[PDB]
Structures are given as C-alpha cells and as structure tokens.
Amino acid sequence: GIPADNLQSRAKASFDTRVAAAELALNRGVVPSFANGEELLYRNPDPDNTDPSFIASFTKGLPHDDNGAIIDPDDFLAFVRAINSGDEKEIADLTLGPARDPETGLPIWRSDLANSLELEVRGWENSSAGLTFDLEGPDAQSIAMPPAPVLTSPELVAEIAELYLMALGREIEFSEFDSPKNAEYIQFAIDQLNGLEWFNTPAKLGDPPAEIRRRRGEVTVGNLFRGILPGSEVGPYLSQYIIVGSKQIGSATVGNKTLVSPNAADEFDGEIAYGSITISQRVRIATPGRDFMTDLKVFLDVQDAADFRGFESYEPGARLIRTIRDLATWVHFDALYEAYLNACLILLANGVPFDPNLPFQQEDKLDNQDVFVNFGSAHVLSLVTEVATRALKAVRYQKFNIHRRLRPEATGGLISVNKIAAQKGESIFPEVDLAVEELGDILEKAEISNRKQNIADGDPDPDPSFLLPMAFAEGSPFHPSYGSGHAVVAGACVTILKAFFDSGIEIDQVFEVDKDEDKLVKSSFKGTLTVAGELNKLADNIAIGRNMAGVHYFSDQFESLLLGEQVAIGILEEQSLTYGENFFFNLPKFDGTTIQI
Amino acid sequence: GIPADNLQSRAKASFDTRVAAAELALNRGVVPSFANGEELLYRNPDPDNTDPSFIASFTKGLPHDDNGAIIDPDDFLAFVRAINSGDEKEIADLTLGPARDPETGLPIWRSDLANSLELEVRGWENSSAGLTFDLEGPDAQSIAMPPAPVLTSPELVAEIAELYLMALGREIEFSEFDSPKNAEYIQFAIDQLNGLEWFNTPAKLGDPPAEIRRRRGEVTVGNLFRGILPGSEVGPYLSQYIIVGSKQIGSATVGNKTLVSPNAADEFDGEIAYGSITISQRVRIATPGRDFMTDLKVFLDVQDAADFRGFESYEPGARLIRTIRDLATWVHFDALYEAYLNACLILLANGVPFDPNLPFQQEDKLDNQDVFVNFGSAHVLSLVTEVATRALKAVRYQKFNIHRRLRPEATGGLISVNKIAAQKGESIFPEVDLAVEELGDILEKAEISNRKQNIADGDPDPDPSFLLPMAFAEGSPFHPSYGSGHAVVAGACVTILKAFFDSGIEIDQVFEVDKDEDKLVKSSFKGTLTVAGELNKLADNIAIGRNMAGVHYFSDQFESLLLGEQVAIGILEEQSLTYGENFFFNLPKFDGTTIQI
Amino acid sequence: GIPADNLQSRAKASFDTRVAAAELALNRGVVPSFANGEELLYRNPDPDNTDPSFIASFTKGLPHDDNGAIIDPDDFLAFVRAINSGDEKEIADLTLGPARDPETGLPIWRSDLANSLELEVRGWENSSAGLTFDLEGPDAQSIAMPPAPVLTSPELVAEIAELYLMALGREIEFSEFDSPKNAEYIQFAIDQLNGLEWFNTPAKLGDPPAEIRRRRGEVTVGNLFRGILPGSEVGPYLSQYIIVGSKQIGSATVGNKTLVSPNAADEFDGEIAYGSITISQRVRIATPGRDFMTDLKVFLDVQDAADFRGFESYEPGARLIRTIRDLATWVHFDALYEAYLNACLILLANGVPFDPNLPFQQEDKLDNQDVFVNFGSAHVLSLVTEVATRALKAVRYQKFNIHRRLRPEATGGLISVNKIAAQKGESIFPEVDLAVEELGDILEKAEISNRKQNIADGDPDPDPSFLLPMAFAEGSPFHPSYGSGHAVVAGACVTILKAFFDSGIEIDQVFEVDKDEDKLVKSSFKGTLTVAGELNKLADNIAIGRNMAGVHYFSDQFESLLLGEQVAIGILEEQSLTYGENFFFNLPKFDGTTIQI
Amino acid sequence: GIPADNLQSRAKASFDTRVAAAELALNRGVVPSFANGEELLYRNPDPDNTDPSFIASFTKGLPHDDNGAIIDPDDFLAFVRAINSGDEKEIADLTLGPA
Amino acid sequence: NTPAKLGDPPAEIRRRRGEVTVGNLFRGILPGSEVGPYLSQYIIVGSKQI
Ligand code: VO4
Ligand code: VO4
Ligand code: VO4
Ligand SMILES: [Br-]
Ligand SMILES: [Br-]
Ligand SMILES: [Br-]
Ligand SMILES: [Br-]
Ligand SMILES: [Br-]
Ligand SMILES: [Br-]
Ligand SMILES: [Br-]
Ligand SMILES: [Br-]
Ligand SMILES: [Br-]
Ligand SMILES: [Br-]
Ligand SMILES: [Ca+2]
Ligand SMILES: [Ca+2]
Ligand SMILES: [Ca+2]
Ligand code: NA
Ligand code: NA
Ligand code: NA
Ligand code: NA
Ligand code: NA
Ligand code: NA
Ligand code: NA
Ligand code: NA
Ligand code: NA
Ligand code: NA
Ligand code: NA
Ligand code: NA
Ligand code: NA
C-alpha cells in the first residue's frame, strides 16, 4: 500500500498544533542564570556584626540608614522570599518605607521637601511577574542573562563614569556633539572615559564571552553615548524613526498617475500618518538644567519609597528631540512598545515592502493575492505589540528572581557617602573605592552641579554631594536594574520588525534636527542607511535614553536587548506551526548573522 | 529545522482515519430524550386499583380487555424491560396474544373472522434495534426526538381529526382536490380542522420550540393533507419523482448531434429508465372503499396480535397514483428507500448535474476527469441507500426505548369506546373526552362509514362503531408510533440527494395525473419548481402516505424527518475524512439554511 | 472478589466499538499486489529509441500514433504519477486527446465520423479512487488481485479468441445455443477454443495457484461462454433472477386461507413486484448486427478520447434477454448493484427465508419477534447496496495503481495492425505474433464481419480490418481492464445475499426465454437449482455480459469476483461487533467452502 | 498519609500549562456555521442555461458581464476551491480581472 | 415598522430594530450607543497631559 497521512477533525488539528508548539518550546531545553556573587559577598562593616550588608543589591523601598545601607537584613531576605513565592498576602506583609507617625499614620521622611508634600510610599512593580507562564514563546525562566558587572570591576567603573557624564551633559544638543562651542565638555567626556581601563585595554583570553562581546574600545565623538547594535554607529545619533514623519494620505501612485498629498510637507515636520489622523514626533520639554535627588536626604527618602512621581516641571509646547534630556523625557513615559509601533507605522505609510520570503508579496497579476490579516499590515501590527509582555516576564525573572542589581542612583549614593567620609579620613563602602578614585575629575564637576541644584531647591548652604543627578524626580522605577523593561521590549520589537519587513531596504533621505530651529534638516551623512540599521539604532536610542536619565547602566541595556531578541525569535518559531503557506521570515540578528524562521 | 509532517504505512493511515471519524462522532456529545409523561400519568379507573393503565402507550400484542386496555400491567413492564435489554430469551418469555385453546394451541380470538381464519400471532419488529451500534454516523442513542403530543392536547385533537378526515377521503383523487364535485367533503374537512384550536390559534411565547416549529395555521385546499417541508407547498400535491418517467436509452447528445430514443414517449407515461430495463410508476389498486378494523372485535384481535397481513383485495392492473388510498397502498409495501432511489434514477437518466462543489464536475477538456465511483452515479447510488439502516436504528430507539407512543388506531379505539359509553351515560377513557367532544361531526360521519363497512363484512346489524378506519387489514406495524420508519428514512435519503446533486436546478416541465385517464398531463402550475423542493415534497408524500393509511400522526412524521436529516449529515461529516480531494457537499437543510460538508 | 466486567456510557461504548472494528481490520494485515511485468518489458521498436512502448498498458486518452502506440512515453508516466497522487490540479495538467484546431479549439480527429460530430474528449473516471479510505471494510489497498495474463501467454490467446467468438456470435439466442440452425457457428466456436493450449492442456505442477484455479478445460456447448462460479454450470445459461418476475401483491397466506393476486400472471412475464409498483425484466433492443470501432481511424479516435457515448441505435420496445447482444446491452447502463437489488426483491417477494442462523427467524408464537431493521428486509436492502462503493475503491486500486492492463479493444488493435503488416512482410507488435497465428480462422471471419460493418458505415471500399468489434460505440469505459467494476460489485453483492438469505433454499420452477416468442417457458432442465447457485450464475451473467460487449477478459472477471467477495466478508466481520444478539451469517464462498460470520 | 500534590521542573510546568489551555479550548466543543442558501438558489435567467448565477455571492475580481453577473460560473467555483485549500499555486491559477 | 414574530430566528430577534428617530438614526445597538452624543468621547477628546 502507498504510504500516506490521514486527516482529523479541525478541532483536534488545532489542539495538536498547540501541543506541537508546546513540545517545540519544551524541547529547546533550559539554561540556568548565574548571579555575580555580590549579594552574600559584602558584609556589615561593624566588627560585632557578621550579617550581609546587601549594598550592591536592589533594596529600594526597604528602610535605609543615613549611609544608604538597609537597617535590617531580614527586610531584604523576606523581600527575596516574597519574590520567589508571589503570594499576595506575603507581599502585603513586607516592610515598605520608614517609620510612620502614630498620629497621622504618614511616613516620617528625612527631607523637608518630602514631609512638606506629605508623601506616601510606592510599592514594587510586579516583583513576581517572573513566575508568570505564557501561552506562547519561551518560558520566562528558560533563558538567562549573564552575571552583572561587580562594583569593584573596571566595567562598572566605566559604566558609572559614563552615566555621570551623561547627567552633566543633559543640556547638550545631539546635533551639536561636534560643535566647537561644546568642545571643552565633549573632549572632557571623551578623555575621561579613554582614561579608564575598560575602554583603553582590550579583553583578555579567558575573560567571559559575554564581556568580550559587550566590551567597548576607544571613545570618540562619533561613538560617544551610543549603543553597539549594528547600525547604531553609522550616520546621525537619532534613528530616522524617532524624528521623521511619514508619507501622508493623498500621496499615492494610481496606475500611471502620481497624486500628491496637500499635507505632504507634514512628512518633513515629524507628523506620522496614523491611519487618517496623526502622531507628532515632538516631545514635551522638561525644564532644562533641573535634576533630582542631588540632596542626600531627598535621595534617602526616595530609597525609602517616597513617591515623587509627577513632580517634574516642563516648558510650554513640544519640540523634535533636541537635547540628551529630551531623550530622557521621551523614555520617561513612553508605552514600552511605542517607538517600534511608531516606526512600524512610518514603514507602512512609506510603502516599505514586507519580507520578500513571505507569501503573496508579488504584484497581484502574478499571485492573485494581497496581504492584510496574514503576512500584511494587521499581522505585523499585532505581532510587534504582543511580544512586549512575553519579553517583560523574562526580564522580570532576571531583575527580581536572579540578579537584584542595585540601580545607578544607588551606586552614586555609595560613591557620594564614600567620598564624603574619605575626606574626613574614614572608610565607608570601600567596595566603591576604585570608582571614587578613578572618577575624581568627574565627581568634582558633579559636586559643583549638585550644589547649584541644592541651592536652587532652597537649601542656602547645602552639604557637599556627589550623587548621580537624576532626570526623574522619583529616580528609577520600583524594580532592580538588570535587565531593563525598555531594552528587553526594544530587543523583542525590533526583532519582529526586521523579521517581518524587507529589512535590507535602503532609506533614500537622511535627516537630523536643525541646530538653530525646531525643524528637520538634511543630514550631511554621505553613506547609505538601511531599515535594519535604523531599527537597531532606534532600539539603542530608547535603551540609552534610560541611561541618560540615570536609571540603567550600559550592560543592563545590551544584555536586555539580547534577551528580548530570544523571546521574539521563539514566538516566531512556535507560530510557524500554525500556517499552511510555504514561507519564512528572514531575520538579521544583533550578532550580524541571519536566521530563517 | 523546517516544521514537517511524516508518512506512515497505508494500513496505519486507514486505521487512524477510522479512529478520527469515531473521535469526531464522540466529540459531538449526546443529548437526552424526554417522553411526554403519559406512561405513568394515567391510572386504572377502578377505585381499588392504583396501577398505571398504560392506555396512551403502545401495547399492541399484549392482551387487552373488552375496552382495549391491557389486562395485566406486568405484561407491559416486562415488555419495557425486554426492550432495554434486547436479550432474545427474555423477549421469547414475554406474553404475546390472547389465551390459547388447550386442544389446538391456537389463539382464541374475539371475532368470527379471525377465528374462521385460524390466525396466529405476529411479534414485535426489532424491539431492541435501538441498542445496535453502527460503524458510521451518529450513534442511535446520541440524538433525540422531543416529547410526543399528549391525548389531552389541542395538537393531538387536531392530529386525530385530520387522520379521520383522510380515512373518509381515501377515494378522493389528488388532481380533483379543488374540483366542485368534491367541494362538500373538501370544505367539510377544511372547516372542521379550522374549527380546532391547534389550527386557529397561534403558538404562544414560552411554548416548546418544537411545537412552535411544527404548529400549523389556517387550513386551505392548497395545504390540505400536505406536509410543511420547504417546497411541499408549491405546485401540485405529488412530487414529480413519484409520477414521471425519465429520459430513455437512445436519447443522447453526441457532439453536435441529437439522437432520439424510439421509446422516448415512455418518459411521459411513468417509465423510469432503470439501467437498460424499466421501473413503472404505476401502483397496484387496492379495492376502493374497503377499509379495515371498523368492527371492535376485529380491532381488538388486531390489538392482541392477530396476523391479518396479506388480507387486502385488489382490482386487476395498476395506475399512476390517483387517489389518497393509492398513496396509502404505495407506502404499504415500498422498500423504505424506494422512493428516493427512484428519484435518484430519474435525476441520473435526465442528466441533472451533481453538486458543482464536488471535484471533476467540469467538462473533461478542462479537468481531465469524469466521475463514477467517487462524486458520480455509483457513489450516490450507494450513499442514498446505506443511510436507511442507520436512520432506522435511531428511530427504533425513539419508538421503543423512549416514547412508546400509541398508534392512531389505538387512539381511535379509545375515542370509540369512550363515545359508545357516553351515549349510555357512562364515562370510559375520560382522557380522550376533548377529542370526542371536538370531533363530534367527524365521528358522526365515521359511524356511518363504519356501519357500511361492517354490513359489507357480513354483519347484518352491526353495533355502532367510531373506530378510525384502517387502509391496511393489519393496521400499523408491530412497533410504536413515534417516530416513523418511513419518515426517518425519507429524511435521511432526501438529505443525501440534496447534498449530492445541484439541488438548485430548476425543473423544466411540471406534470400531474390526468383527471379522466390513467395518464400524465401538463400541470397548470405557473411558477418554478426546483430539485430540492421536489425532493422535500417526495419525503412529505411518503410520510403523509402513512398518515393517510391511518398509521402515523403529523408530529410522528415531521419529527422523524428532522431525525433522519441529522443521521445523514453525520454520515457525510465522518465520511469527509476519507477523501484526498478538495470539495464539499452543499446541503439545503429542512430549516431553510445551508451547511457545507 | 468475583471477576467482573464494567459498564461505561453509551457514547464511549459506541466509540470503543468503532475502534475495535478498526483494530480488527488493521490486525488482518496487508498483502502486496504484483503486476505481470509487461509495463517496462516492451520497448520502442525503433533502433535509436530505448524507451518503453507501454503497448500492453491501458493508455486510452493519451495521444496514439497510426499504429495505436502512444506517441510520448512521458504522457503515460505523468498519468501514472497523477494516479498515485490524486491531486486534482496535477490531473488537470495531463495530456488528454489529440492536437486541437487553433481556430475552433476542437480536437482534430482521424475519422470523418468523429470530425463530422465535432466530438470532444472524455476523461478518466476516478483515476485515484484507489487512494480513498473507507469507514468500513478492508482498506482498498490491503488486498490484491494477482498478475494479469501477458500478451504472449496461452491464457491471453484463449481469452482474446473467446472475445472475438462472442462478438461474432452476438445475434445468437441463448435458448438456441444447441439448435441445429446454429450448429455451424457454435461448433466452430467450440472447435476453435478446443484447438488452443489453454483449454486443451492442463496446468502444470509449479504454475501459479491463481492460474490453476481459473484455468478452463474442454469447451462444450454446455459451458460455452459461461463463467466458473459454482452453480453457473447447472441448468440454463441465464440466472432465474434476470428473467423471472416475482409473486405479486394480493397473493398471500392469511391463517388457513390462500389469496391469489389478480395480477398473478405478471410473475411469469418478467414483472418484479417492487413495493407496490413494478420492475420490468425486459431490456431495450440494440440494433441487431450493428457493431462499433471496426474502422482503424474511428478506433484510434476512441483510443484518443473521442466521446462516442450515446451513439447507439435501438429498435422500439423491449424484450426478455434473448441474444448475446441483449446481455451486452443490459450491462451497458445498469447501476452496478442493479442485478442483485433486483434478485433481492424477487427473493423477498417470493418469501425466500433469511439465514436460519439469524435471530428471530422462527414463527412469532415461539420467539415473540419479527424482523425488519435488523436481520430483515430493510437490513439486507441497505447492506447489499452499501458494499458496492467499498468494492469499487479496491478494484480502482488494482485497475489504476497496480496493473494498468490494456482493454480487449486495445489487444484487438495490436492484432489487427500486426496482421496487416505481416501480409506486407513487415513485423509490427511481434508481442501478439502468437495470438495472430493461433486465431487465424477467427480473424478471417472478423475481417469479413468488419468489411460489412465498414461498408454499412458509409465507407464504399474499406481497408482490411481485424479489430475486435465492440458492442458499444465508445468501447470500454475510461479506465484499465483489470479488474472490473461490474464483476467486483457482483462478487460483493452476491456474497451479501448468500450470507443474508438461506442460500440452500431450492427453487421450485425453472424458466427460460421461449425460442419463438417474447415470453418465459418452462425449462427442460431436470435437476434442482438453489438460491446460492442462481445468485452465483447472476454474478457470472453480469460479468460475462461485459466480455460479450468486448470490454473485459475472462481473468478480469473471475479475479474481480474473488476481490469483491473479500470486501463483503470484511464488512460483515467488522459489523458483527455492533450487535448484541447471538447469531451469524452462513456464507457459501465461491471456492465451495463455508464461513460463519 | 496526608493527600498531597507534587512539584515538577519549571519547564514541565510551563508545558503542562500550555497543554491545559489547549485542552480547555478543545473542551469548549465547536458549532457549525450555516449560510443563507442564496449561493445555489439563484440561477442563470437564460432559458437554455441551468447554471447558478452567483449574483448574491461576493465575486469581486472575477470577470463580470455588462449587467454585473459573472461570465463563467467555473471562475467562482475555482475561487471557492482555492479558498478551502489555501494552496498558493492554486490561488495563482485563478482568473482575476478582465481580458 | 413591524416587530419580529414568535418562531423567527433568535439572531434576527436580537438584532432587529424598531422605530427610527433622530436620536437613533444611523446608530448601532450596543448598550451605551443610544445615550448622549453620537460619537464616543474617545474619538474626539484629548487626555490629561504630562
Ligand atoms: O522600564 V526600565 O526596566 O528601562 O526601568
Ligand atoms: O414504516 V413506519 O414506522 O412509517 O410504521
Ligand atoms: O464497469 V466495468 O470495470 O465491468 O468496465
Ligand atoms: Br471539528
Ligand atoms: Br518594566
Ligand atoms: Br536564534
Ligand atoms: Br501498509
Ligand atoms: Br420501520
Ligand atoms: Br447541521
Ligand atoms: Br452517553
Ligand atoms: Br467502475
Ligand atoms: Br474468508
Ligand atoms: Br526546568
Ligand atoms: Ca500579491
Ligand atoms: Ca469532468
Ligand atoms: Ca420470529
Ligand atoms: Na562585620
Ligand atoms: Na520651566
Ligand atoms: Na525580514
Ligand atoms: Na542649537
Ligand atoms: Na384507580
Ligand atoms: Na456522470
Ligand atoms: Na448539493
Ligand atoms: Na376523475
Ligand atoms: Na528500440
Ligand atoms: Na434499428
Ligand atoms: Na446465508
Ligand atoms: Na428464435
Ligand atoms: Na435558466
């Protein structure tokens, strides 16, 4: 008899498809996640106390002493227990915030500002979302981020130096990075970083492969404050997709005729055609020169859960992203998939082709088939957005269940307290001795910046402060540093977009924000940019925007991007079981190689 | 790796296909069947006897008293037990027939006629066929008919009135329903039925949905004695397929040439070309005006299993169906699939196209493929016949295991005994008081009809009798009333034919039986009939033929048609797993909607 | 504890029953089918062409050269590919018919007749039905027919000789086989066949068992043109069931009284009581002496798909089968199950008992149970018809997927072309040299017959032609020779009927068609015929009728009968799982042994 | 012993969760979809043509006559076949647009 | 201008509309569509700003 397959009911076929996808996911296997060892390494400095200090762990929300170290190790250990169980009652039992006034029930803050505002506490944002399963893609716990840099490492010294330089450079305009008027500061930044071992010495044989992949070399104006995804290094700092508008309704080719939108100019003034309405690329303008958490009392209140959310001031209006601070503002409030949805909408409006390896992408006279639900606009619009929550579950596992890395503000706190004590001949947080020594010149500038801010804030004679100035009043979100929500979602979303579109398409016109006016101008860039390159750049823009705000380190971002790529790939692989057509997505990965899914 | 399926051996693929079909059938779920409550409602009228009477249940074959009520309730309860077990020995233990003569062993009958014939008993026909499984289609027990009308209901009153009117109208010619010569009787029938609540009052919100679907309105000459399937109501009473012949061998189109059969006229004289031989549409002629079971003793003997089968007389010859009695004769002896096989053969000979959604139905120059074994004549010829036994198992379950509804003759027996007693001021079977009151005028006519028959049968001065005259000497088959074998098979078979053919095809010429001669004449009908419509009409013709014989009620037939439709649909659904081709059947269902299988 | 079984839900019991039946079918195992090796044996005779010629394979529809060999081997190889895949688009891509006129799109035929008719092509009838699964019975591919006779074999020589003799004997009346007026021709036929090795020499030890079973011996008037099923050899040529009518409505035994139908005579004039209507055994009369495809151009057009269906002429009226040609006509247009349904109806009307090993077959006073749905008339009427499609799937596999044997007309084509060429000293189709030499006398007669037909057809000076005259204008159906649709269905259907009835019942009166008038007469046969014997004879009648038309060989028929028997047996075996009763069918098989199922 | 549940690996728990969701969806059962009957109801108005007209069916893209009725019913029937198979080559074989 | 009747398809009964008014002209029948202005707030209003 002739070998054959058999049919079954549709319902059973659907069930079997779902089981086959689950089986595929299971058959990938799992890898462990390894932390860097700091959590139980660092011990209480008191000679009659053997307890861990937890100074390099995220402890935002647990009560801290005047040095910024948690008061009671049990507070953190219970937090860890609650992280791994996810039980809501157990979460509700944790210690959050400082001691409360028995008469009013309100937290008693250190700072006059916090007490005058009568601030309440804010809580951890989904501390157990790393336990949540998902109907599609790799399970949150099945993949790993590598150990975070330790406080004593050249990598961390380089990272924190860079964050201070970004903070002090917040009023610099992207289009003026190489302007003579900025040369003193820009060259200072370049020279400072080039003076650090991470940047001026290569990795050595036997170093962790993850370190080798992410380690940076000579700093230049051309790479200053940039990411390392392929494409980020070519042409202007900001991705085309975060400044340009799109082709507008009324511009179209109809047979042999070209119609021109009466609104065509809007493309070149940052208006994205969003269906039949518009998205403006112009960002709200946070008060220039105003930073936060530059006073130790306010800083400690924030570390103790003081809810400063909503405290920023703004100038009227909006403008195409101009300064480093503007990029920080952008990423303060974006929906996490916002940049990539917006890029997708520009690509669609501009008529950038889908992946030619999808079905039905030929002229309809040849294939008798146009695309929409599958392999078309509606498909990619759902797919780019749906991956975000799956990527976030995975990064939550890394953030809370694995690494619990302290946020940059916390590192800056240790540095400040250390430096102040050393000036009096005392050693506090020797763990950051190297950063304090290496960042001397930068910290001198930060001190001056902080005094100015402290005086502006109404303290006529402020204590010296070397804190990392925050772009946001509340500093970081209420979750650990490593990895990043923004960067994991960036990784997943741009992965989908490169997969779905013909990512090799070359962009015709390249723009930048004008040096003098709030408008786009032709870039002086002479090469060719591609969709793939500018999507990678967009991911790096959003990710580094968090660093420029003071809330993530370089390694948080890069490693998160890689994690999000894995999530999106796995979703595509499992979904491929569901289609009858013969096709694949061509995906250029972050590592420079291509996978067909 | 690229997702894939794998091959297996032919044998395993066949096995898996069969399992998948069984799985599909299992996954349909099952529904319960609900009886109307009469079985244990009606009690023995004797004040010292609390037993059920079972007067509204089928008890044909169990010994009855002089009123037609069973003598011993244990007889019926044992019958029920035997129905549910199917054990042959247990069946053989039941009580069947009246007491026997110890000298001859023969049953002792009430009637001189039965004793003179020395009749023996007949037994129940497959009382446990409702337990039989099947290799294809829905299991007999998986589907349901709704509760039957109760004796006290307006519906039952209407039903039994209609049956008496059919009995008294047996010598009326279909083609003369609206002839002035028949106006007195026809108007009597119309007026009587229009005087009944079922017909003259609509269903009300909250009535059972099944009642709402089958309830009839104003009776007219145009709908008198018709069914309600879509198509039955348009044009002449009898389906084309039970009177017309077909195209004959020798009539064909060969390229550009038309050849004409030397036997072409046979088409218009009721000859179906049956391969290279013929089927004659002409029915045998039962003696006009001769009815049966109009004497209470003969009636009770039949109730007590007296085997009167074969006792009818006939005139010589045969004729195209002319009278109501002729349709009764037709359905006395037909193979249950006979009408539909015959219709199928007419459709095939006349070249009516198969469903255009089947494969290979195009001219062969386009598809290189003609049809026969699959999607062609041999296919439909097996499929239309094979569904009959599967449908019959299902209706057996309803008949014997669920509802056990008394046959119309039994209802007429209660009515007659009641009315005779009431004339003497006594109350017997008050359960049918409403029917007796409502049917007064009809019963007056039946009394006169019965006296004439009783005299003809050799009783010079017969007792008054109000029994429902039977077309058949033995009355009903030896099984309960609800549902009907004929009607369930009708439902299943016409379902197959509408599915398999292009049922939307419009019929070119419409015929009727001539008013004066045994011949076809062109119908005066002005509209358009369709294949689907005339197949539905055929099903209603066969089903109502049983009612005209006196053996089923309207509700038995309609509900059975629906049950048979479900059986045929399920068979098609399970069979669809077996083909490699890309196709479906388009099936217009009885409810006016279409399913693609 | 006492060992026990348990109940489950009805629905699960139904499912398990179906799975158990599938398991039973799977556990039978499978056997391979072996072809005779001709397909790649015979090669193109051109010395510069090594390709197979495919001359012994069915290639009807593929374009042929002037000798009747296909023009392009790729045409046949693609046909084979399409056979095994069943893909409708692939089927639509095949080459069918000769080159077409670019102006009209019509095929360009060789013959004036075909061009004058403007014939189109006809396509293959379900070339992939051998891939179709079934819900019941053995899978189409699980069983086998043995290799067909090869062109060079004594068996094939005997087979083709017999077919020519039947063609030349088409006007001989069955009742006059032994009449002195027919003696010259009849003795010629007997002597010719007795001169052939197949008939005059026994099989030898080591010959294939299938050959030994089907090999025939001495030809006599008593076995001339008969089949070899047990029963075919006893009494008159034609089965009682293809000439007699049945008992008629109105003839019945009612208690101690015998009633006689006023239509009783119809039984003895070929009227089958078909419910309350009738089937006439009288067949349409194809023009005596008119054969087809006797001209090489017309023959080649038919081989190239010219659709001559419907081209025959007939005399007015109908008659009980009289001549060999009448049996050919019978089987031209019968529904494949028609003969056996008709026999079943005769058996039922005549009151022939069902198998006594079925339940409930006793008088009802003993068993309290009559039969209808199961073990009765409705049961057998569905079962005999349902087996036909299952048997046809199996024979399609053998026809198309396995053996692809050329039809007899094609063999006659090779013989004619060979003989014509040899007369000019050339060798064409040496493969049929033996047939040409052995059939010399027969071919001389065929030549004369063909010239007469060619002149009648309007060719005043026809080329010599030794083609096998066809009874049908289109010759064979559009599918290979081995096996036969008619014969496989015959095998399956008579198997069911012998199983279901008491096949040992002896028939009381034996009839034949009168020598002078169109009526039945008492046979002079002195022995006893049985139901089983006359059912076997009926199967052989239908099968050999195809051979008498010129469309099958002896071995096609016999082997098909055996295949159909296997299908029906397997259906009965699987269905036996579905009943609760204690019974079996007693089945006398074709090999003379009995199986109880 | 006290009745208990057991743990398994995270990976197996994820797999089992996904299967349980598929099982839930399967256990909902399915229902058929019924069309209104127009597709084969309406016939070609020409007295020598018994074909369906398909006038109440979506036929946008198939060639239409001057009245807006499709020219060739086979165009629509092939479209239906392609709809139910999804085969790209089969789709590419359909008739789209006028001559 | 005529209501559905007993025995009509349930789907018809659910979606069948009655008397047309300026207040329901060209509106849908989802609960809430019938109250207040034609257009949903969410297709004309802006939101609270940063
Ligand atoms: O949303 V973030 O993890 O980039 O703080
Ligand atoms: O064959 V019936 O159940 O219509 O009495
Ligand atoms: O229907 V046949 O295979 O006897 O040509
Ligand atoms: Br399903
Ligand atoms: Br987040
Ligand atoms: Br990968
Ligand atoms: Br196999
Ligand atoms: Br029945
Ligand atoms: Br349905
Ligand atoms: Br159940
Ligand atoms: Br066949
Ligand atoms: Br066997
Ligand atoms: Br695990
Ligand atoms: Ca396209
Ligand atoms: Ca065709
Ligand atoms: Ca019996
Ligand atoms: Na210590
Ligand atoms: Na301001
Ligand atoms: Na791509
Ligand atoms: Na500027
Ligand atoms: Na009582
Ligand atoms: Na056909
Ligand atoms: Na249909
Ligand atoms: Na008349
Ligand atoms: Na050669
Ligand atoms: Na003639
Ligand atoms: Na038998
Ligand atoms: Na004669
Ligand atoms: Na028409």
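Ligands are counted one by one from 1 in listed order, and the atoms in each one are counted from 1 as well. Labels below follow one simple rule: chain letters A, B, ... track the order of the sequence lines, proteins then strands, and each chain is numbered from 1. What you see below is based on every heavy atom in this structure, not just the backbone, and it leaves out hydrogens, waters and symmetry mates.
- Here the two rings, on B/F472 and B/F308, have centers that are 6.0 Å apart or farther.
- A heavy-atom distance below 4.5 Å is not found between the side chains of C/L358 and C/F501.
- Remark: side-chain polar atoms of B/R100 are paired, donor with acceptor, to backbone N or O of B/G105 under 3.5 angstrom.
- Within a radius of less than 3.0 Å around the Ca ion (ligand 16), the protein N, O or S atoms are C/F360 O, C/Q362 O, C/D364 OD1, C/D367 OD1, C/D367 OD2, C/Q369 O.
- Using a 3.5 Å distance cut-off with no hydrogens or angles, the side chains of B/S33 and B/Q398 do pair a donor with an acceptor.
- No more than 12 heavy atoms of other residues, nucleotides or ligands lie within 6.0 Å of CG in C/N582, so this atom counts as exposed by the packing criterion.
- Counting heavy-atom neighbours within 6.0 Å of B/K589 NZ, excluding the residue itself, gives a total above 12.
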